[PDB]
Amino acid sequence: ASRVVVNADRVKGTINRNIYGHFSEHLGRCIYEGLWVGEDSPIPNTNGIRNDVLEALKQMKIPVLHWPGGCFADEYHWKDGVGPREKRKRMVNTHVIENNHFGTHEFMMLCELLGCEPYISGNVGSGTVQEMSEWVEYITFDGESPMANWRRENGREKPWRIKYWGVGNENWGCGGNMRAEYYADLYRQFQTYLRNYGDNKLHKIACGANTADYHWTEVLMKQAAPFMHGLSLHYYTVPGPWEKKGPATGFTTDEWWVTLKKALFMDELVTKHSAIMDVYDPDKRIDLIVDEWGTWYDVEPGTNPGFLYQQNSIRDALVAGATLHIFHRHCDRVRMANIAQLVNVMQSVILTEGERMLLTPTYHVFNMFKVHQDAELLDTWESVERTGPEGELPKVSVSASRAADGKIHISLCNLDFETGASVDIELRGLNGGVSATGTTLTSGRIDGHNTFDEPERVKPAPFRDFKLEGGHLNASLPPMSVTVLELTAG
Amino acid sequence: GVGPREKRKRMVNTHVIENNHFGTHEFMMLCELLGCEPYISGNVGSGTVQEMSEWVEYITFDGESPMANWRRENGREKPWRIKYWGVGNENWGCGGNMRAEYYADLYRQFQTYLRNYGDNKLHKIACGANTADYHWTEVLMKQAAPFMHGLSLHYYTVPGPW
Amino acid sequence: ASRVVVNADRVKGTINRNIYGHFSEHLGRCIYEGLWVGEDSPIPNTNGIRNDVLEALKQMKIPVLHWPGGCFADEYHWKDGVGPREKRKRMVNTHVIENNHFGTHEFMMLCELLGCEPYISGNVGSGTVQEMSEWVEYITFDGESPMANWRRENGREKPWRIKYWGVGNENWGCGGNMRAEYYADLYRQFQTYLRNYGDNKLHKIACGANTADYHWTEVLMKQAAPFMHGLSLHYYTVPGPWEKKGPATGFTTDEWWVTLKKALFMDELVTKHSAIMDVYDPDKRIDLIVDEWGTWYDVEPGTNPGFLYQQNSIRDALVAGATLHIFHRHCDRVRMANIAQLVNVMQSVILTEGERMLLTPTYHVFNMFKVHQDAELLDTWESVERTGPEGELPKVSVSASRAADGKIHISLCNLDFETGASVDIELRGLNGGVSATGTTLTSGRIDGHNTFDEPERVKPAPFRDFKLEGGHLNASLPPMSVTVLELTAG
């Protein structure tokens, strides 16, 4: 038995809802087919966006969406994506179509339809200071100017509000192959000209490190902390070497254990990057933003490697659940995260094929865990069984929060695919008794996944395999599972 | 230096005429007539990253885009091939009076956006030292070696003082 | 009412007993009169060391003693303090007498009599590498050599054992006015030649920062971490400006509040220095050693400013109690501390006047808190009343630990001199019921102190003003007090 104590009356922090964020690049079929079908598509759509996906994402309570993020942000020139559809810039490669039908107006519309915060990244690597300044002005200025007037011409009279603004992305790599010292100087310069217009308040985000580049964090904090509201971090879970990452399905048990071990490395990265941030920002003013994370496999056989299409199994659900738990544990500093990527690209919550779609196991974890969004983290301590071939992994990952209505949610991941996991949970600091319901997500196969023909092989089901004798909640978690228990006082 | 030769930019000084009648199309044609490799240097000192990126695209892209379409309107249907591409010239002097440390950063940034289109393969060349500026070579090798295929050097034989 | 919860079953670490350490320099009457009286002194003594002090210190359970530490360590040449006591070096200033009768043999003997660990600092500033190397050899080598043979001739046949070895002290100041970069190089060089002889194991300690010199910590960690077991830190509580610090007694209420606020600054210093250490030493291999701390006042009127003699009030007891609590809270990294200084110098536990001595309020806190030595720190959380003219200070400082015999000790400081402090303590994670006794140390004057004529105005007394109704311990702490509750299961 793994043992847990929940101090239901000790709040340790707030889980910012933006921890549950998402990210979409102009890449493969993430924007085009995934979301954007066009107004006259036979696929039922609202203003050009397919309804099946909209409804699923609203249900999931998507808090924030990052666009254009990834390598494309430091390639993109935003003016190419506004104005009359047919004068929008067209790029066609025969080896891939970018028509720029999806641009700033369509993105802001999409966010309003979803009820999520927009998070835009401007172009540092191939952009200019004036260009980025003008984008913010276009979006947020209530006065009279070429840019604000242009926004009005293009159909949006009043400005939008936007908080999250990224000043470049991946500037150490595809965003300019920059030394940290150099990017910090560009960052300081660019951010200067991003104004707060009207009652808008920008939340300027500097591009942070790739994986274990601690030097980057040090330099950005030391040189640029006073000029930023947030600093990003990127870490992908890649089972195999770069040149042979391994497949999304039909993988070996070694690949299971490696995948989960690599996912849990997030905790170390976040710990060590935060420790550096603490030196320069002891009050933790500046957010840590893990705006690229998730699994990265070889593409599905006979798909274009460039489109990054991969399946999504219960393995991916465990990665997501455990990784979100890690963000919980760091919710004193980590205030946003964004899984790569929303639709048809990397560790997506949704895959599409024409008018058909499915919800991935990854979708189900986001949907189950939405109870943690803006919840109060509760003090828990735990002593858990080990698993994996050398006892390398924790058998169980657990996290507890308190929702605004006073309900308590306890989410638990069983990382062992082979056997269930017993957990005794002791609840302290309660007033009344409590009752509990539960939901669980599991599979009969290590690589269990949904398909267009069978979109529901892997989905949440009622969870009843626990007993609550006031004070102790004993549970038998299924193998390879993610479970949420809801406790109500009374 | 591209588009209808009569409507190209003209600069005249009486103290020298540049009418830009010789531009990209004329140069690439000259190289085809000679059977020689073209070696173009882009503008770092007073240029932008987008400008240099678009020049490569204009010349080498086989698809549909504003730049490739512009090449076609200007009379060259299929792209050209080019290997040798200089990312600035004389950047220690008349190309921006740059410290090596600073040029290396611009070099890394500019080179990033110079793509291999079609079956074209770029040979990216960083601006190297003037004469015995060994410090320049050291900085460019140390800070930028992974991002270059070649590094230049300049030395004129000048008998008397400057 | 301040509120506290003790999770009597959640251990958060071990309070290294060396947190309760002490420090004596050859300065004023710390060594001469305070400890060392000589064998045929009329003051009752064991081998030249006064018995009154020995017994008091043994009772207090002195864990470690640092000598010669302070500025003297990087002035001292250890060979001057060995050999026939009568034919050793004499230095006299008339503007102070050093006869070197107290040297290495006497120090090692003192530590054996007290049962404490010796902590010696070698001379970097004015010493040589061979000199320091030979000191260790002299002390620890069991074989045949000039140094070990010399130790034998000087009356110690078998070597002594020593762990704690300081490689210079105060090297940023009176120990050579060194840049951190430079001291790190000398550190690396000197430490190389400090050998482990026989079964002896050295614990090499590098000189760390003064106060908020975070750069020093960074440099020493970055350049020297692999070559050290510990890094020191210094911080004195100085009420007024350097030139006019303020008196030990007859001080104003403003001086009370300033004193305590400056003492609590220790938590910030320790937090920030530790944060830097975490970056270079994430596993916390390297001890942080706060080997100079305590209050520093103007000397008693008409005493030599150079002898650093100051009185010791209930204010000093509060500084000690609160400061030791701060070390508890940082016992994951802080593993030794040493209050300045033992006898007749700065914030001493003992004052002497010939054969008469007293125990200071500071002594009483060390003696009362000895229950925390090598105890397991327990998870507590608290919500405490404020005090002080702007609500700047916590009214109450509290810490709880579990001793080896399973008893629980809860120590509490009331920083308000003006009114008592109600505290409700909830105990969780107990099996049985518990009974409790208590001790408290308080005074009727804000500057209440002991004198040679009245050595017991301020001393521990039974504390009975609390009720334990199973689960909750409600207590009424006297004004300006330090209290310890011992809880027994049953």
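Analysis parameters
Note on numbering: residues are counted from 1 along each chain in the order of its written sequence, which can differ from the entry, and residues with no coordinates are hidden. Written order determines the labels here, with chains lettered from A and ligands numbered from 1. All values in this entry refer to the displayed chains, which constitute part of a larger assembly. Side-chain calculation: all heavy atoms of the structure are included, whereas hydrogens and water are not. The contact definition used throughout considers only heavy atoms, calling two residues in contact when any of these lie within 4.5 Å. By buried area we mean the combined loss of accessible area, with a 1.4 Å probe, across both parts when two parts are placed together. Salt bridge, as used here, is a side-chain nitrogen of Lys or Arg placed within 4 Å of a carboxyl oxygen of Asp or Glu. A pair of sulfur atoms, both from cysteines and within 2.5 Å, is called a disulfide here. Here the term buried applies to any residue with accessible area under 20% of the maximum for its type, exposed to any over 50%, and partly exposed to those in between, with areas from a 1.4 Å probe on protein chains only. Helix and strand definitions follow DSSP, with helices as H or I runs of at least four residues and strands as E runs of at least two, each counted in order from the N terminus. A pair of strands is labelled paired if DSSP reports no fewer than 2 bridges between them. Just so you know, the copies are superposed with least squares on the C-alpha atoms alone. Counting of polar contacts relies on pairs of N or O atoms within 3.5 Å, with two restrictions inside protein: one atom must be capable of donating a hydrogen and the other of accepting it, and residues adjacent in sequence are counted only when both atoms are side-chain atoms. Residues were grouped as follows: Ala, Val, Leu, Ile, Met, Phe, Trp, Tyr, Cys and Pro as nonpolar; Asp, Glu, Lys and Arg as charged; and all remaining residues, including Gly, as polar. What fixes the domain bounds is an automatic or database domain assignment. An axis is simply a line fitted to the C-alpha atoms; with a helix, the fit covers only the stretch in contact. Between two such axes, the angle follows the N-to-C directions and lies from 0 to 180 degrees. A crossing counts as left-handed when the near helix is turned anticlockwise from the far one by less than a right angle, and as right-handed when that turn is clockwise. Grid points spaced at 1 Å and placed over the protein atoms alone form the basis of the search, with a cavity being a set where a 1.4 Å probe fits but cannot get out and a pocket an open set showing protein on both sides within 12 Å along at least five of seven lines. Lining residues have an atom within 4 Å of a point. Grid points are joined across faces, edges and corners, and a volume is the space filled by probe spheres set on the points.

In terms of determination method and resolution, the entry is listed under X-ray crystallography at 2.3000 Å.

## Considerations on the interface of chain B and chain A
Tallying the contact residues gives 22 residues for chain B and 21 residues for chain A. Both faces considered, chain B and chain A share a buried interface measuring about 1700 Å² in area, 47% of it formed by carbon and sulfur atoms. On inspection of chain B and its partner chain A, the count reaches three salt bridges. B:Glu64 is the partner of A:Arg90 in a salt bridge, and the nearest nitrogen-oxygen pair spans 2.9 Å.

## Focus on the state of the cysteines
Residues and elements named next belong to chain A. Throughout the structure, instances matching the rule amount to two disulfides over all chains. Paired by a disulfide, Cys71 and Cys174 hold their sulfur atoms 2.1 Å apart. Its S-S torsion of approximately -90° makes the covalent link between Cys71 and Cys174 left-handed. The class of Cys174 is partly exposed, set by a relative accessible area of 25%. Among the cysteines around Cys331, which has no disulfide bond, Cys413 carries the closest sulfur, lying 16 Å off.

## Re the pairing of strand β13 (residues 334-340) of chain C
Residues and elements named next belong to chain C. Summarising burial for β13: seven of the seven residues are buried, a large majority. The pairing of strand β2 (residues 21-23) with β13 spans three bridges and is classified as parallel. The residue of β13 that forms the bridge with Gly21 is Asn338. Where strand β12 (residues 287-295) and β13 come together, four bridges link them in parallel fashion. For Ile289, the partnering residue across the bridge sits in β13 and is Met336.

## Concerning the relation of the copies chain A and chain C
Aligned on chain C, chain A shows an RMSD of 0.3 Å; the corresponding rotation is 179° and the shift along the axis is 0.1 Å. As the rotation angle and translation indicate, the two copies are arranged about a two-fold axis. Taking the C-alpha atom as reference, chain A places A:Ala275 closest to the rotation axis, 3.2 Å from it. A symmetric contact is evident, with 100% of the interface residues of chain A recurring at the interface of chain C.

## Points about the interface of chain A and chain C
If you look at the interface, chain A gives 15 residues, while chain C gives 15 residues. For the chain A face of the interface with chain C, the top three residues by lost area are A:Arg10, A:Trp381 and A:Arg428, together amounting to 43%. At the junction of chain A with chain C, the criterion picks out four salt bridges. On the surface where chain A and chain C come into contact, there are four residue pairs in polar contact. Only β1 (2-14), α7 (253-280) and β16 (376-383) of chain A provide two or more residues apiece to the side of chain A that touches chain C. If one sorts the elements of the side of chain A that touches chain C by residue count, α7(A) sits on top with five residues. Considered class by class, the residues forming the side of chain A that touches chain C number six nonpolar, three polar and six charged.

## Focus on unusual backbone geometry
A cis geometry characterises the amide bond from C:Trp67 onward to C:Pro68, with omega recorded as -5°. On the secondary structure map, C:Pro68 appears in the loop between β5 (64-67) and β6 (91-92). Omega for the peptide link from C:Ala340 to C:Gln341 comes to -15°, which places this bond in the cis form. Within the fold, C:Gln341 resides in the loop between β13 and β14 (350-353). Here the phi dihedral of B:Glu90 falls at roughly 45°; this positive angle occurs in a residue that is not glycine. Mapped onto the elements of the fold, B:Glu90 is located in the loop between β4 (84-87) and α4 (100-112). Notably, C:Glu33 is not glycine yet its phi reads approximately 85°, a positive angle.

## Some words on the arrangement of the chains
Ranking by contact count across two pairs of chains in contact places chains A and B at the top. Nothing in chain B touches chain C, and the closest approach of their C-alpha atoms is 23 Å.

## Some remarks on helix α1 (residues 51-60) of chain C
Restricting attention to buried positions, one finds in α1(C) the residues C:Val53, C:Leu54, C:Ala56, C:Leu57 and C:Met60. C:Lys61 sits one or two residues past α1(C) and shows a positive phi near 70°.

## Quick look at the domain arrangement of chain A
By a widespread convention, an interface's size corresponds to the accessible area lost as its parts come together. Residues and elements named next belong to chain A. Partitioning chain A into domains gives domain 1 (1-15 + 374-490) and domain 2 (16-373). Taken together, the 48 residues of domain 1 in the interface contact 43 residues of domain 2. For the pair domain 1 and domain 2, the two sides together bury roughly 3600 Å², of which 69% comes from carbon and sulfur. A per-residue breakdown of the area domain 1 buries against domain 2 is headed by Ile15, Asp374 and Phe452, which together make up 21% of the total. For the interface between domain 1 and domain 2, the tally reads two salt bridges. The interface formed by domain 1 and domain 2 contains 21 residue pairs in polar contact. For the side of domain 1 that touches domain 2, the secondary structure elements donating two or more residues are β1, β16, β18 (393-394), β19 (396-402), β20 (408-414), β22 (434-441) and β26 (481-489).

## Observations regarding the packing of helix α8 (residues 314-329) of chain A against helix α9 (residues 361-369) of chain A
All names here are of chain A. Running from amino to carboxyl end, α8 crosses α9 at an angle of 35°, the nearest separation of the two axes being 7 Å. The interaxial crossing formed by α8 with α9 has right-handed handedness. Packed against α8, whose contacting residues are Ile314, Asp316, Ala317, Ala320, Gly321, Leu324 and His325, the element α9 presents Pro361, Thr362, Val365, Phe366 and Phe369 at the interface. In terms of residue class, the contact of α8 with α9 is made up of eight nonpolar, three polar and one charged.

## A word on empty space enclosed by the protein
What the largest cavity holds in volume is close to 60 Å³. Along its surface, the largest cavity is lined by A:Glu218, A:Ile276, A:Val279, A:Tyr280, C:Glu218, C:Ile276, C:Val279 and C:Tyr280. Of all the secondary structure elements, the ones that give two or more residues to the lining of the largest cavity are α7 of chain A together with α7 (253-280) of chain C. Of the pockets and cavities examined, the second largest cavity occupies roughly 40 Å³. Taken together, A:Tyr119, A:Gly166, A:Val167, A:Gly168, A:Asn169, A:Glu170, A:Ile205, A:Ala206, A:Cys207, A:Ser232, A:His234 and A:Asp291 form the lining of the second largest cavity. For the lining of the second largest cavity, the secondary structure elements donating two or more residues are β9 (164-167), β10 (203-210) and β11 (230-237) of chain A. In terms of residues, the lining of the second largest cavity owes the most to one element, β10(A), which gives three residues. Residue composition of the lining of the second largest cavity, grouped by class: five nonpolar, five polar and two charged.

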